[PDB]
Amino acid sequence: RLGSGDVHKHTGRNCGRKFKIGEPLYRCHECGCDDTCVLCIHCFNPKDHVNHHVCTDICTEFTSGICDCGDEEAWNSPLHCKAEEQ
């Protein structure tokens, strides 16, 4: 047996979650390679960002925008996905 983890765990791939209208998300000035790099609520790990300038958002329009957790091109440091924590 092996217990199941979080349904948002995505070890081995990019998260790719598509945001819905009204859904919040996170940005980090220091970690994001640019101001389009974002993390969904299931992925953002506060432990990765102590003393960083974090800025939340809410998706307010139909977008093809997606969570960049697990996309190393989007981040300046390793992230530790919150959904991987047990």
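We call the rigid core the largest set of C-alpha positions that still match within 1.5 Å between the two forms. The first residue of the shown sequence is 1; numbering continues from there.
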| request: Please work out whether 18 to 26 or 62 to 70 has the higher root mean square C-alpha deviation in 8 other deposited structures of this protein relative to the shown form, with the rigid core as fitting region? | output: 62 to 70
| When the core is superposed, where do the C-alphas shift more in 8 other deposited structures of this protein: in 53 to 61 or in 36 to 44? | 53 to 61
| query | Out of 69 to 77 and 10 to 18, which stretch has the higher average CA B-factor listed in the record? | reply | 69 to 77
| task | Would you determine, from the values in the PDB entry, which of 56 to 64 and 43 to 51 has the greater average C-alpha temperature factor? | result | 56 to 64
